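A single chain comes next, written as structure tokens; it is the form solved without its partner chain.
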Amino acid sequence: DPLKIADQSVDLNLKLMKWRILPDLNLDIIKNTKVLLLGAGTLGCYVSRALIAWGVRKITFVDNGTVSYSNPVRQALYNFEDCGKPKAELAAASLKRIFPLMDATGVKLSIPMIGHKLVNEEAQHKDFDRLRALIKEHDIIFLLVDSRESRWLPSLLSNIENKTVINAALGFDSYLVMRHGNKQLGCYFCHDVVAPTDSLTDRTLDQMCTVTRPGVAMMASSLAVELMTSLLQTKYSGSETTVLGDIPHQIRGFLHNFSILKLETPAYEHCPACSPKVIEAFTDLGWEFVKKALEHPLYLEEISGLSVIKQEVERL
């Protein structure tokens, strides 16, 4: 039976990795990891391919988009004949074409961007609940959206549900891969991940630059998955390493000079996404809080305590 053989083949490939090279490697915890991918664009496509090669069985894509004419060359699950079709379900179907016994599903769902007025209070209210449900349902959340403002709601919700989160963000010629965390590490929002004073091309990071160098998404996707697999391994006593090596908080890569930097950031007290007051506010008010924060980001800064900080500065 060909299908059974294709199954036995991939688990076997992975077990030979373990016994030939890394006997301490825990492969089951990788296979049984339920993965949610927020974004079925270039990152979602490459991340999913890396995950299935590592034997991940359950992957869920979330995307509200449609396959465009320019998409297939950059986004590695789509063909020319797919143009027009809904992305998420297509992505899932494409995975099952590679590996038929995958538990891959697509959900067509929008993620509200902070700083934008709501278009349909009710529709997006539903979508909000639905998003929270998917996040609670899964084990690892990959945030693979095109901009900072689509990152906020899923970050908050992932923190609320205590899920490990892995962000990837692209600029023209550099990328960021970071984990938020299950001395706390701190999320994408805790600190400026890029300074107003840095390079012009570095400021394209997470601004839906549609014109990144093709290689950026490939590098970022594979590091993100390699970071996940290492992270799932037990840590060594007195060491931030596992059988697979390091588990950095953040990885920044640059194509122009072929470099990679690792760095770490503590959780910030007035973070708009993970600060205790923002949690407290969400826990007390729910969607009513979220809705106000979404349409009025400055409200978020009153809650976080960031405004009171900015005001004690002004007062000097």
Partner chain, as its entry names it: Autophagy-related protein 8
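Residues that one form lacks are left out of the comparison. Numbering follows the first chain given and starts at 1. C-alpha atoms forming the largest set that superposes within 1.5 Å between two forms make up the rigid core.
Beyond the structure shown, there is the form deposited with its partner chain bound, which is absent from this document and is the topic of what follows.
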Quick one: is residue 42 in contact with its partner chain in the bound PDB entry, heavy atoms, 4.5 Å cut-off?
yes
Does the 4.5 Å heavy atom contact test between residue 169 and its partner chain in the bound PDB entry come out positive?
yes
Just to confirm, residue 127 within 4.5 Å of its partner chain in the bound PDB entry by heavy atoms?
no
So in the bound PDB entry, is its partner chain close enough to residue 252 to count as touching (4.5 Å, heavy atoms)?
yes
Residue (of 256, 291, 34, 277) lying close to its partner chain in the bound PDB entry, criterion heavy atoms within 4.5 Å:
256
Sole residue of 156, 90, 194, 135 within 4.5 Å of its partner chain in the bound PDB entry, by heavy atom:
194
Every residue of 188, 264 and 309 near its partner chain in the bound PDB entry, heavy atom within 4.5 Å:
yes
Among the candidate stretches 204-212, 127-135, 111-119, 156-164, which one is within 4.5 Å of its partner chain in the bound PDB entry when only heavy atoms are counted?
204-212
Residues of 131-155 having any heavy atom within 4.5 Å of its partner chain in the bound PDB entry, listed in sequence order
144, 145, 146, 147, 148, 151
Superpose on the core and compare between the shown form and the other one; which one of 209, 140, 92, 232 crosses the 2 Å Cα shift mark?
209
Superposing on the rigid core, do we see a C-alpha displacement of 2 Å or more at residue 222 between the shown form and the other one?
no
Once everything's superposed on the core, is residue 197 shifted 2 Å or more at the Cα between the shown form and the other one?
yes
With a change of at least 3 Å, which way does the C-alpha separation between residue 196 and residue 150 go in the bound PDB entry: closer or farther?
closer
Closer or farther: C-alpha pair residue 206/residue 105 in the bound PDB entry, relative to this form, given a change of 3 Å or more
farther
Do any runs of 3 or more residues shift their CA by 2 Å or more between the shown form and the other one on a core fit, and if so, which ones, in sequence order?
192-210
